[PDB]
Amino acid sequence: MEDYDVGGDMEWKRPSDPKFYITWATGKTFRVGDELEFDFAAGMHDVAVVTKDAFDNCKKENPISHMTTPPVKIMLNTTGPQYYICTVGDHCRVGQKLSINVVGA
């Protein structure tokens, strides 16, 4: 397995550039068995696991999951698309979201 720290050195924050997490995710292989870790300061950001449509429109309500205490560690147990957004303020709207596609171990 591999434990990915989302955003690397920038961690999970409000990006200056909307494509920042698209860039971070590019080229990486997310496999069943891998872990994602979102590091952030309590109350400044959070993590919501959401559907594709909620990702696309930054819909914060009624997510699949929602975590407010950092660090958020999520195991990738199934293959297919996974979407994450931060629901604090305008962060999602400016790019604080991540889309990945999990493949077999």
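Residues carry their position along the shown sequence, with the first being 1.
In the deposited entry, the Cα temperature factor of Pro63 places it in the middle third of its chain's modelled residues. In the PDB entry, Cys92 places in the lowest third of its chain by CA B-factor.
In the deposited entry, the Cα temperature factor of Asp56 places it in the highest third of its chain's modelled residues. Ranked by Cα temperature factor within the chain, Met10 sits in the highest third according to the deposited record.
Compared with the other modelled residues of the chain, the Cα B-factor recorded for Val49 ranks in the lowest third.
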